[PDB]
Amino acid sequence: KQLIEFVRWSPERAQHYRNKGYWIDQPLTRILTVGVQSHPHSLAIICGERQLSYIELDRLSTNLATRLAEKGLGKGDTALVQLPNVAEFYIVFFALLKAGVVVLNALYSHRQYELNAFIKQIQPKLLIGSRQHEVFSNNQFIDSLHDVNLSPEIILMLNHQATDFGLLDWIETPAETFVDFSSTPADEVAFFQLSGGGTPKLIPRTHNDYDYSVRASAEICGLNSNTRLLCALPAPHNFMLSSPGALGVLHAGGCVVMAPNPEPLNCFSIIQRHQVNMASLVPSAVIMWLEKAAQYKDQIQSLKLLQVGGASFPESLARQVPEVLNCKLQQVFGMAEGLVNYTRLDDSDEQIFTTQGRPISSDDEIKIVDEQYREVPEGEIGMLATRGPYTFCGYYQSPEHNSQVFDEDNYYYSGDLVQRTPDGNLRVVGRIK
């Protein structure tokens, strides 16, 4: 009965975002539904030797949704998911969105401490993990949850033991009985993003706001049905999921090509095999690729666009991208809390190499402010403050911290130090608390 609580946009802002066509009041499953209508047999996911079409992705996620609904998991309920970079991540994500279960996707790199904190905050009735993960290699962590009355009703495991419920079995074989289910409402919470590094804080995201960020990013990045995007960063990460990420590529009718991580030789062979034309990396991974790229020129020719985001990316490195990787560069400065900035595909070389671009939306509002929260003279460095159609209004169940990072006009303070360039783009120069 009771939907997950979160901080709403003011009704004036909500109406404005609908009037502009940003919020279209559709669940995130729209991406899959529409793809199935238009091109059911196009490839949606390539993973190792597997090829999942749009209709297959739809069927398999429907399968799992029916099994969860059959067991009473639905609206008002939450789930914790921790899976590596495999097709099952998306099958599960779309299953939970279909079922109306609010999901927190932990990074596969998260350990006992973070997972415990996550469980304490959302009290999940469903836990999906992998027996190959250190935390679920034995039963010590799972058993500990009984002790604190935080045991989930259902545990599913990839690489399951004979005693476990098998994730693949719940995906493959449909429910015995029919129980009705549907997504949470479009202006209500779909899932929790996580802040970028104490433990990550939980960011409620609605269908409206996330779907908008996805659709608009897909247009900015020129995605189309021929896009084949390498997913070498962690699948659950905002950048890899939505900027424009796997969801963006599915929105545009393209195909996601999985890699376990950004190790260059493996990535290069995957790029060659599947003729990958887009990838998204952090600067430390770009350095790894640049070191090997000259020798494996042939394998990576098909790359047409590389996004780089997440961390400091100096000009000297940026210029090497088209030179050595033989593809266009796009810089991306985003946050899991909302605001994403992209250099545009028709930006000048100078903009592309020396800036972190400009916001998705004409209605991303930005203030750049000094120590007294006054707006700085044009071009000067200040603290970034932002609000918009896909920027959150508060962390989950955190009124004290929210009062510290939002001003009275509900602008969010990310801590980033930035300056507006004369060309209109942003340059990230630092961080302050």
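Residue numbers here begin at 1 and follow the sequence given. Whichever C-alpha set is largest while still superposing within 1.5 Å between the two forms counts as the rigid core.
Once the structures in 4 other deposited structures of this protein are superposed via the core, the pair 311-319 and 336-344 is resolved in favour of 311-319 as the more displaced stretch (C-alpha RMS). Of the other structures of this protein that model both sides of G197, a third or more give it no coordinates. Counting the unmodelled positions of the deposited sequence between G197 and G198 gives a small gap of 1 to 3 residues.
Per the PDB record, of the two stretches 337-345 and 312-320, 312-320 carries the greater mean B-factor over its C-alpha atoms. The stretch with the higher mean CA B factor, choosing between 350-358 and 237-245, is 350-358. Which of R30, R374, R387, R50 has the largest Cα B-factor in the deposited entry comes down to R374. Within the selection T177, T78, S280, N326, the deposited Cα B-factor values reach their highest point at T177. In the deposited entry, the Cα temperature factor of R420 places it in the highest third of its chain's modelled residues.
When the modelled residues of the chain are ordered by their C-alpha B factor, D363 lands in the middle third. When the modelled residues of the chain are ordered by their C-alpha B factor, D25 lands in the lowest third. Ranked by Cα temperature factor within the chain, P204 sits in the lowest third according to the deposited record. When the modelled residues of the chain are ordered by C-alpha B-factor, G166 sits in the highest third.
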